[PDB]
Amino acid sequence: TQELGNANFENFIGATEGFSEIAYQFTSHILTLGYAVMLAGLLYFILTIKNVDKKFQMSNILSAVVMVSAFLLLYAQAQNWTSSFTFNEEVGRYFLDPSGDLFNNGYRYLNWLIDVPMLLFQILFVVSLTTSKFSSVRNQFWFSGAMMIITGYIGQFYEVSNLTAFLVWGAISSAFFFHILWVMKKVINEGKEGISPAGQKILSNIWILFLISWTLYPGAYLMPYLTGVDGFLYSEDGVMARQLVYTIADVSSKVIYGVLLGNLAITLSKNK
């Protein structure tokens, strides 16, 4: 069996079928566009912090720190892609390069462990809770977020070798995920009490963005197996789709999320 590409799904397909120049180039450009948008996000949150009352600026700060970590780690992920796979002129495809370092989703997973807590935390600086304690929500978010990403990371090891383990850890991870959604809805509901109808409208959009953007991750996790073990997506197409959904998700969950919280902060601040 394959000793080289046993690490993850990307390595496996790279070590066996290889990637068409279209698939490799597409994935390369989408990862580059990924970190490019984080760098543009970083400068947006820096330049706009003066547009919100001091009260809300901790949200804009956390957006900025998320953009820094995202840019740096997704830049690493992009380099990790182009370095891991070299062209073979004989076969006319890209294959896992033994002389390079093997492809590694650890860059993105580490980014998640850092950003998930900050992203969950930062809404508590724009909204006021009603009947819930700030510390309780914070602790619930931080714990469930860490556990979601840790169980998810553990599950990701058994992605190729043991699908039973892959899905069980994935389901454990999904349990913590559903708890986060449940608390976030509660937070957003309490957030709507006490604010103008304009601000309640933005919180509605934040909720839908949050719900969709965050649901793309377990989608991308499962992406290789959504058509079976011999399916359309058990190929370079599964790798394409996954890295594309991860990028869409990362841009929506971090950058768009942050822009809507800043907009919320602005309609709250200086608007009477």
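Residue numbers run from 1 along the displayed sequence. What we label the rigid core is the largest C-alpha set whose atoms superpose within 1.5 Å from one form to the other.
The segment moving more, judged by mean Cα distance from this form in 6 other deposited structures of this protein after a core overlay, is 14-22 among 252-260 and 14-22. Put simply, when the other structures in 6 other deposited structures of this protein are lined up on the rigid core, the C-alpha atoms of 100-108 lie farther off than those of the other stretch, from 100-108 and 73-81. Two stretches are in play, 57-65 and 23-31, and the higher mean C-alpha B-factor belongs to 23-31.
Per the PDB record, of the two stretches 150-158 and 195-203, 150-158 carries the greater mean B-factor over its C-alpha atoms. For the set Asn104, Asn111, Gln122, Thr130, the maximum C-alpha B-factor listed in the entry falls on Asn104. Among the modelled residues of its chain, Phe95 has a C-alpha B-factor that falls in the middle third according to the deposited record.
In the deposited entry, the Cα temperature factor of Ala165 places it in the highest third of its chain's modelled residues. When the modelled residues of the chain are ordered by C-alpha B-factor, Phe143 sits in the highest third. Per-chain ranking of the deposited C-alpha B factor places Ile208 in the lowest third. Sorting the modelled residues of the chain by their CA temperature factor places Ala241 in the middle third.
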